Amino acid sequence: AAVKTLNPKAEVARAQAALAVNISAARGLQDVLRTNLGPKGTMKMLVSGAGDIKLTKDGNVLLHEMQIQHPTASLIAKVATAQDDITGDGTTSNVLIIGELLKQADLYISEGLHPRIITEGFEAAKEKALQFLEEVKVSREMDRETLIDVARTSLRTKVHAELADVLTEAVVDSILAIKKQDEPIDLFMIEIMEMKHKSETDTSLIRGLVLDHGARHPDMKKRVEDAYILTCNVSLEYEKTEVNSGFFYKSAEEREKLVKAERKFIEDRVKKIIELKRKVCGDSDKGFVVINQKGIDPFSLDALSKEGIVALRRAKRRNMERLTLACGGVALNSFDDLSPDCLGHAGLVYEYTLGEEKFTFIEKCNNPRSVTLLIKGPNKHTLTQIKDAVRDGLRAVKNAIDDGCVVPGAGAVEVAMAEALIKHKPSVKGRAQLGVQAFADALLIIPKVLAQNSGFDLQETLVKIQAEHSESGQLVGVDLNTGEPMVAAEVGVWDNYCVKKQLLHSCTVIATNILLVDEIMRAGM
Amino acid sequence: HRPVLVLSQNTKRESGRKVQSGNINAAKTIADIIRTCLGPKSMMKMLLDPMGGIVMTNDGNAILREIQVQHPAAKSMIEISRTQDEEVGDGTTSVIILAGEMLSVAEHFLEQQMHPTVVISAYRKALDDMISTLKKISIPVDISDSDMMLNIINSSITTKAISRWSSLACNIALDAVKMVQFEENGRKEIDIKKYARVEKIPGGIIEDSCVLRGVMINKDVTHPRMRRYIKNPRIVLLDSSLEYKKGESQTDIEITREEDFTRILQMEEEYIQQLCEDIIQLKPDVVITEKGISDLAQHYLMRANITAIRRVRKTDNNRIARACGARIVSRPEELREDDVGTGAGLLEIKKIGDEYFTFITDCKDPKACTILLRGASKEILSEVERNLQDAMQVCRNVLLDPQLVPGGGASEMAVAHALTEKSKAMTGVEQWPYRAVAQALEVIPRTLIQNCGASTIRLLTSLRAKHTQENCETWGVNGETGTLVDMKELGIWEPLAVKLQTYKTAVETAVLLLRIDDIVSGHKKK
Amino acid sequence: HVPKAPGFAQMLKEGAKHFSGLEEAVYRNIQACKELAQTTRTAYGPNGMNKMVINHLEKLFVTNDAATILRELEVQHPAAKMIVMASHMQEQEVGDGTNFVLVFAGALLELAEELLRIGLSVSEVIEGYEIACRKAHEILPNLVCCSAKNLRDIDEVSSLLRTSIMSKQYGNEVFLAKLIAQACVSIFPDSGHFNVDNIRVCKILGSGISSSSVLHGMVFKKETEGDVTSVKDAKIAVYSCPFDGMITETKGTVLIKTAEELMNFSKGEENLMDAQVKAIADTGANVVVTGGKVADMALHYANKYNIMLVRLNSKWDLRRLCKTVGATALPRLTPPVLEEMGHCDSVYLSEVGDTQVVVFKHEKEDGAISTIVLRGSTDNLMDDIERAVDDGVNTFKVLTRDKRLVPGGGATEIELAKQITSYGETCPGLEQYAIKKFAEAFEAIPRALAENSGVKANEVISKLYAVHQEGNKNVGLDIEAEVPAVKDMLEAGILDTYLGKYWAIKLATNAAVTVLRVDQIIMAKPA
Ligand SMILES: Nc1ncnc2c1ncn2[C@@H]1O[C@H](COP(=O)(O)OP(=O)(O)O)[C@@H](O)[C@H]1O
Ligand SMILES: Nc1ncnc2c1ncn2[C@@H]1O[C@H](COP(=O)(O)OP(=O)(O)O)[C@@H](O)[C@H]1O
Ligand SMILES: Nc1ncnc2c1ncn2[C@@H]1O[C@H](COP(=O)(O)OP(=O)(O)O)[C@@H](O)[C@H]1O
Ligand SMILES: [Mg+2]
């Protein structure tokens, strides 16, 4: 080798050698991740070096937390990272297409042909598969019963279908009360809190917000009804001057006059708050809750407790955006223009402690446009099951609202897409005839894996599904209960259009680039 | 223990034919590494770096930068490809193969008891005739034509991995150079490294990637009350902070009275209100600075309906100053009406994959743009970023020197017959190394057929016979099919600045490595 | 952080390496054999330089012959051993031209890399070399100008042996040609099989090469154990048994039963040995040479009847003495010798170079065997002349098998470079490029003669094709001084081993073809 001559500590791989490195590593990630695709998949227990249990079967969490040191396994993990970042689901199915695009192409490159001729057939098959996806998409005008069936498909593939009926009502109803009038839905308006109260099948949808910190004073009210939310960013604690000055006093009686003077600027901010509670007709209960992102000294907490004002401290950055929409007030950074117009409103503000950890709840808002899914999982690993399923389900219903068309379910897309490439296979008119066949057989792994994980036969199921599709016009698919070919558009199994669009584009470019790699080497030491 | 009385401790000495023929084998080794990365039928080469990343590329410069060699003559060839990458865009690989072949024919004459100064003096006479031959076979280019410039950049990206999206990458790379073509005083300059920022975001498809008419940054708004959608903003760029920090002195205040401590904390609030009142006299819409913004400065900009961005980089502030036409000021009380960047189009704080991005686009006449690349992962987006850098610099060479050379083997064989006919009037001992320069240029059409699988005997005989007549003389090697097609029908044209820098660097590399007859290794420095 | 590349399909070696392809196997076998061609290029020709080679046994070998250099260099490259064993077959076949194989096959593989990297693969370079190799064996009978047939005496073979001597001993080309002429012609079998084993070299440390001579007989390095060192009759009785009596082979045991058998046993043993030594003294013998040991009673009667004893511990030296004096080695103890006696002229002893030797000098009947007694200042100089002497003996065996000669010194390789190029231009195929490169391999052989003489080989090789205009066919190289102005080879007398040139082209072409057939190398773990 030439690289061994200049650098003797530099390993290398040749043309027929580096292809066998990438193909055998693609089958290694394929055989692991194919046992957890769909609702009938198997759970995986991931233990790190510390000893924490991470029980999940999502394709992005499996590839990141896996003890693998391989350059080909790191390339698929980069493509799988961007799949779970922009659209959520579609990560486990992303790796199986790459593992089949290199396995089906291995049967032609080893039989005399060149790897570039196979890549010419992948592009000609990707253009026909992209045009076929725009013809099978179904627009249902974003009905709230359609979004239930979209969220039910993404949630059943991550839980044992007893929590999927609970989390569907917590994902669809949370994504509708955010934005209207054809506005882009921001996912930062939904807060994800982890509790430990009752059980895993008790995750409810709080219509307001849930804060992870409580009141830092024992004399404050624990349950406040019909409160005013005053969102602040000021620092009520003692802050020094920027120029280091220091006090200078002569007598001991003049020392206490400087301690009263150094807190006068702090107490002027507190007098702006307690006068706002008197200017809102305080002849009633008239509760006041201050979230107050910056910390508060205990001298001002004792002053606000005597007036009946609940004061929190040390909030988050995005709590000044979610609570501002929920309460309807104005997040202020100063007390120079205080008015009742910047105040919020909530019918019930209460707290609850779970083992020296208080949680402030804000509920009963009119039009919040910001909610909180309250996950109450008993174990630490059960909290990671619901959190990875909520962010998978929220990104699933977000794509079904932004895109006006819904793509069909399990086998209603991949079987019809492979049969559409066979009739256009003699249309390429050249040496790339076998490239369309390798792309059509790689798309058929989605009915093959789902029939294998359900315990049914792999080859006997694909014959009956393709027979019901060719002898009709309906997009028939796979059934995870009986194995018979059933249509996915009628049984309530849907999928996202952007997931299948990006699965045809991210897997095609990453397969045409891996097959054209012949000099895998390690140099730089 | 009595030490041995030696001289020049712990060093090596090597001279004679072991160094003159030793530097040839070190140069032939690097020429065999990137030999399969020249033609349009090239393949990617996956590399591994000690930082932990993966470089999967086929460009000749990015491959040699990740190779750590121990030979001193092998370190010289890596700096040759770095010189070709900084001068032109797509002129690097071709130099390493050509310098390896000009040293391949130079090793034959070193065995014939010929001095290396005789071969170099024949190389300098051959170098001066290759420059004069390319200027005779050139063709003037109309730089105002849009479709003519698309065919030049398509000839440089057919080799690279963006040849599949040729209809998109040609329009992005051409419009990026024509926007940054800035001329203030009487000097035309094209800065595609400081003003043509290539921002890549993992996600989406490659067909949705397009060059924005403006800049973009990965920064959110400072306060949620501020607007995220302004139709026609008045962008004012700042450099200093909007906070109250410690001065560059030894300032210390002696507080004796009670009213003195509360006055200092009020003067810190009034100082922020003084500079915030000075920036709203011009009635802006977007305030962009490079330093921190305090919460008191956000309070005055909230009620004045001003969207503030906090911590934009220094390199991004110089890029938005050319796109919006603003001037970066460092003093809030010295703001003028000419320092406000009017003419900016739609400003929108979009979100791409759980992360906000400030888009300043739709400008009237921007002098800086940002290519928004979107792909499958960070692996292939670094490939398109390195290919667009080789696609924008080959458009810069045409705008500075509008001459084209027929590439694809037609350039190397047109001079190889010119050096052969000119060598008949030598009649000396430098005639035979002069003939080897024309045979060393033939390795570039030799590599175009070894990558596509064509015959190397049946094609070189027919191609050398085509350059015997002076009529056509522009017949090259078609790397796609594998036959001999004229370059006036295919459209493969390379710029003059790429072909001149290829020949000037390949000869002078052979000048440096042939005068080396000794190597001393084992000494330390300070 | 940093990943690595593991095995892919067949990495099952436990510490071994594997080579496949043109760059990893074919081009690396070329560059390894190119270094052996540049190694012995300096020691090629009459102006070649010596090489002090130290082997694993820490002893010194200084020579300019490429055959004994490769025997001491411990080469470990496998394809480099193919060009070493091909040069060893040139030494076993004709004994001269081993340096020609390293230059010609070293230039064949060097120009093969200029064809695989420019065009066609090894399927046409091998077929292109074998076409030009068969045509190279057709010009060699057409380039024969003289013959070693007329007047086979010591005067004519002195000039015919100068070429094999001056290529390794340039200054001693005249004296060594006369010593090799008085020894090779004297052992002629009268138109029969010429044996090279009948010429021995006795290295005597002493004065320079001017005191060397050839003695008709054998010279040993042993003693007498007696006082009969002056023998002029020289009737030699050769025995292979030890001259100490006759003992049995099974056990051997003396059995005494009375006092008459004990006292008479000692006197009976002396009378038994006395009758056997006097049995060879009545036959007229003077020199008795044995192979084994000799008892004290055998030396008592050898000095009594005045016969000289010669001890030869080597058994191969005993067989050469029987071919010297014309005797038969007797396995039994001393018989009455009827007709199997030896007959020499003078057997004596003399201390030459502080070394007492035994000389079986033949005065009148000189031709039975020959021994060249070499004198040198160092022991390393006498080994280099012995290599030059043995190349002169092997040259005389070549002229016995084939009396034809070709003009050497570069005159043959230029005419071979011209005729093969004429076959290459008239070849209507793609294999004509390997034929023209086969003629350029003959061009590098007088190029090595000019580089060793300090002359610019570009001006030397230009004058050779200028004087070979279809009718000369004889001008070689004049390497006696700078500014060559090269002359004829038949007039200077530089012509040697047409049969040596016939096998050297055939062995070096088959060596270069065998390297090019190797496409995949699988080596083991060395120990
Ligand atoms: N109820 C269902 N019936 C049939 N197929 C289903 C059902 N739910 C999910 N699937 C299939 O399982 C596949 C994988 O789903 P999921 O695991 O959520 O995404 P990914 O595998 O990309 O992580 C989908 O392609 C879908 O067709
Ligand atoms: N369609 C084509 N037909 C023939 N030759 C081509 C074609 N496209 C590119 N080439 C050749 O491939 C070569 C690629 O050179 P390249 O490695 O890009 O140089 P650099 O390293 O300086 O960018 C060019 O010299 C060009 O002549
Ligand atoms: N007097 C001379 N003039 C010119 N050349 C000579 C003379 N004597 C010998 N040579 C050259 O020296 C070379 C010695 O070759 P040699 O090393 O003996 O070959 P090998 O190793 O096969 O025996 C011959 O090829 C011959 O041409
Ligand atoms: Mg000789």
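What counts, and where the lines are drawn
- Residues numbered from 1 in each chain as written, not as in the entry; some residues may be left out.
- Chains lettered and ligands numbered in written order.
- Part of a larger assembly, values for the part shown.
- Heavy atoms only, no water.
- Residues with missing side-chain atoms left out of burial classes, pairs and counts.
- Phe/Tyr/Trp six-rings, centres within 6.5 Å; stacked < 30°, edge-to-face > 60°.
- Helix = DSSP H or I, 4+ residues; strand = E, 2+ residues; numbered from the N terminus.
- Buried < 20%, exposed > 50% of the residue type's maximum accessible area, 1.4 Å probe, protein only.
- Pairing = 2+ DSSP bridges.
- Contact = heavy atoms within 4.5 Å.
- Axes fitted to C-alpha atoms, helices over the stretch in contact; angles between N-to-C directions.
- UniProt positions renumbered as here; feature names shortened; annotations may be inferred.
- Near = heavy atom within 4 Å.
- Polar contact = N/O pair within 3.5 Å; in protein donor to acceptor, adjacent residues only side chain to side chain.
- Areas by Shrake-Rupley, 256 points an atom, 1.4 Å probe, with all protein chains shown as cover.
- Nonpolar A, V, L, I, M, F, W, Y, C, P; charged D, E, K, R; others polar.
- Buried area = accessible area lost by both parts, 1.4 Å probe.
- Salt bridge = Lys/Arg side-chain N within 4 Å of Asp/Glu carboxyl O.
- Core = buried A, V, L, I, M, F, W, Y, C linked by side-chain atoms within 4.5 Å.
- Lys, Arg positive; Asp, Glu negative; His and termini not counted.

Draft legend 1. The packing of aromatic side chains, seen in detail. Within the structure shown, the criterion is met by 15 aromatic pairs over all chains. Centroid distance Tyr-244 of chain B to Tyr-271 of chain B: 5.6 Å. Interplanar angle 80°. Geometry classified as edge-to-face. With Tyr-244 of chain B in the loop between β11 (235-237) and α9 (259-279) and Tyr-271 of chain B in helix α9, this pair connects stretches of sequence that are 27 residues apart. Under the relative-accessibility criterion, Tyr-271 of chain B is labelled partly exposed at 40%. Measuring from ring centre to ring centre gives 4.5 Å for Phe-104 of chain C and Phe-442 of chain C, while their planes differ by 40°; the resulting arrangement is tilted. Note that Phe-104 of chain C is positioned in helix α4 (residues 98-116) and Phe-442 of chain C in the loop between α15 (432-441) and α16 (444-452), a separation of 338 residues in sequence. Summarising the burial analysis for this pair, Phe-104 of chain C and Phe-442 of chain C share the class buried. An aromatic cluster is built from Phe-100, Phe-104, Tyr-129, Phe-438 and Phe-442 of chain C, whose rings are joined through pairwise contacts.

Draft legend 2. Representation of the sheet that holds strand β16 (residues 356-360) of chain B within the structure. All names here are of chain B. Across the sheet, four strands lie side by side as β9-β16-β15-β10; this open sheet has antiparallel pairing. Each edge of the open sheet carries a strand with a single partner, namely β9 (215-217) and β10 (229-230). Summarising the sheet, strand β15 (residues 347-351) and β16 pair through five bridges and their orientation is antiparallel. Residue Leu-347 lies in a different strand from β16, and its bridge partner there is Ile-360. Packed onto the sheet, helix α11 (residues 314-323) meets β9 and β16 and runs at close to 150° relative to β9.

Draft legend 3. View of the UniProt feature "binding site: ADP" in chain B. All names here are of chain B. Listed under "binding site: ADP" in the UniProt record, and renumbered for this structure, are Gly-39, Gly-91, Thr-92, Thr-93, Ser-94, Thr-159, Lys-160, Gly-408, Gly-479, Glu-480, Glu-494 and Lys-499. Here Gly-91 is to be found in the loop between α4 (72-87) and α5 (93-110). If sequence neighbours within four positions are ignored, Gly-91 has contacts with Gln-84, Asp-85 and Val-498. Tracing the backbone shows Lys-160 in the loop between α7 (146-157) and α8 (166-179). Note on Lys-160: relative accessible area 5%, which makes it buried. Discounting chain neighbours no more than four positions away, the residues touching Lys-160 are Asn-58, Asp-59, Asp-90, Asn-387 and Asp-390.

Draft legend 4. The site of ligand 1, seen in detail. Residue and element names in this part refer to chain A. The environment of ligand 1 is formed by 17 residues, the closest being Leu-37, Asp-89, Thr-157, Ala-410 and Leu-480. One nitrogen or oxygen atom from the main chain of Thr-91 is found 2.9 Å from an oxygen atom belonging to ligand 1. At 3.3 Å from an oxygen atom of ligand 1 is found a main-chain nitrogen or oxygen belonging to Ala-410. Expressed as a share of its isolated accessible area of 570 Å², the protein-covered part of ligand 1 is 92%. Grouping the amino acids of the shell around ligand 1 by side-chain chemistry returns six nonpolar, eight polar and three charged.

Draft legend 5. Here's a closer look at the interface of chain B and chain A. Counting residues at the interface gives 71 residues for chain B, matched by 74 residues for chain A. With both sides pooled, the region where chain B packs onto chain A buries about 6700 Å², and carbon together with sulfur makes up 60% of that total. Between chain B and chain A we count eight salt bridges in total. For the side of chain B that touches chain A, the secondary-structure elements that each account for two or more residues are α2 (22-33), β2 (45-48), β3 (54-57), α9, α10 (295-303) and α12 (378-400) of chain B. Counting residues per element, the side of chain B that touches chain A draws most heavily on α9 of chain B, at eight residues. Looking at the side of chain B that touches chain A, its residues break down into 31 nonpolar, 18 polar and 22 charged. Of the pairings in the sheet, the one linking strand β16 (residues 521-522) of chain A to β2 of chain B comprises two bridges and is parallel in character.

Draft legend 6. Representation of the nonpolar core in the model. The biggest cluster of nonpolar side chains holds 79 residues, and the ones touching the most others in it are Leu-101, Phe-122, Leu-133, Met-417, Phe-439 and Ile-520 of chain A. The greatest single-element share of this core, amounting to eight residues, is contributed by helix α2 (residues 15-33) of chain A. Leave out the neighbours within four places in its chain, and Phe-439 of chain A touches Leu-101, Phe-122, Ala-125, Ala-129, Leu-421, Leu-504 and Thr-508 of chain A. Within the second largest apolar cluster, 76 residues are counted, among which are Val-55, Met-114, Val-437 and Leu-448 of chain B.

Draft legend 7. A look at the environment of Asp-336 of chain A. Relative to the elements of secondary structure, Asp-336 of chain A occurs in the loop between α13 (319-327) and β9 (346-353). On the accessibility criterion, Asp-336 of chain A (48% relative accessible area) is partly exposed. Counting along the chain gives 64 residues from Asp-336 of chain A to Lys-272 of chain A, while the straight-line C-alpha distance between them is 8.8 Å. When neighbours within four sequence positions are excluded, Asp-336 of chain A is seen to be in contact with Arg-269 of chain A together with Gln-273 and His-299 of chain B. Here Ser-334 of chain A takes part through its side chain, which lies 3.0 Å from a polar atom of the side chain of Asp-336 of chain A.

Draft legend 8. Main features of the side chain of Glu-72 of chain C. Residue and element names in this part refer to chain C. As for its position among the elements, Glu-72 is in the loop between α2 (66-70) and α3 (78-93). Despite its burial, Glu-72 remains without a salt bridge, the nearest opposite charge being carried by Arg-71 at 6.9 Å. With residues up to four places along the chain from it excluded, the contact list for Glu-72 reads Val-53, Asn-55 and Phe-61.

Draft legend 9. Seen up close, the site of ligand 2. All names here are of chain B. Taken together, 15 residues are adjacent to ligand 2, and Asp-90, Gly-91, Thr-92, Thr-93 and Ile-492 come closest. Between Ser-94 and ligand 2, the recorded distance is 3.4 Å, taken from a side-chain N or O atom to an oxygen atom. Between ligand 2 and the protein, one listed contact pairs a nitrogen atom with a backbone N or O atom of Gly-479 at 3.4 Å. Contact with the protein chains covers 97% of the free accessible surface of ligand 2, which is 570 Å². Across the shell around ligand 2, the residue classes tally to five nonpolar, eight polar and two charged.

Draft legend 10. Spatial organisation of unusual backbone geometry. Residues and elements named next belong to chain C. One non-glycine residue with positive phi stands out, namely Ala-234, at about 60°. Its location among the elements puts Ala-234 in the loop between β7 (219-220) and β8 (235-238). For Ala-234, a relative accessible area of 0% puts it in the buried group. With a phi angle near 70°, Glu-470 is a residue other than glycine that sits in the positive phi range.

Draft legend 11. Focus on the UniProt feature "binding site: Mg(2+)" in chain C. Residues and elements named next belong to chain C. Here the UniProt feature "binding site: Mg(2+)" sits at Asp-96. The topology assignment puts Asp-96 in the loop between α3 and α4. According to the relative accessible area criterion, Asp-96 is buried, its value standing at 14%. Residue contacts for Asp-96: discarding those within four places in its chain leaves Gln-90, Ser-164, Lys-168, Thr-395, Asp-496 and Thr-497.

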